[PDB]
């Protein structure tokens, strides 16, 4: 498995977190693509948020490609989303905007959890109700309560 991280208006240090954490989690070769600013095509001026579905479309369809942004994102019908993924496809996007917090270590932990969650969807995993990183999180309090690891059921399916 190969994972391509596409920085899209994001702190380079946060990208490094993912480059350093994801290989072991996915037993994958990880590539960091050249940084770019997230496309203004995907900016909703009324909401001052970027549409995640728009961002996904602009990523290369190379499994697995994860776009990562510091901008707040939303998808249709949602006030915000942490991310959006093609289930069993090639592409996902993560926003770290809603994860911001004072404790650097907690921020880091949230970033890894939510990246792993998105990539799990690309690998074909639906939301999981177990003690699992694939749980849906309504808020960052939910993110903090779920683990970074896949449950035994989800791990068996990758």
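Numbering follows the first chain given and starts at 1.
In this entry, 26 to 34 shows the higher mean Cα temperature factor of the pair 26 to 34 and 117 to 125.
In this crystal structure, the stretch out of 58 to 66 and 85 to 93 whose C-alpha atoms carry the higher mean B factor is 58 to 66. Looking at 151, 5, 8, 158, the one whose CA carries the top B-factor in the deposited record is 158. Among the modelled residues of the chain, residue 104 sits in the highest third by CA temperature factor in this PDB entry. Residue 137: CA B factor in the lowest third of modelled residues in this chain (values from the PDB entry). Among the modelled residues of its chain, residue 39 has a C-alpha B-factor that falls in the highest third according to the deposited record. Among the modelled residues of the chain, residue 131 sits in the middle third by CA temperature factor in this PDB entry. Looking at the C-alpha B-factors along this chain, the one for residue 98 belongs to the middle third.
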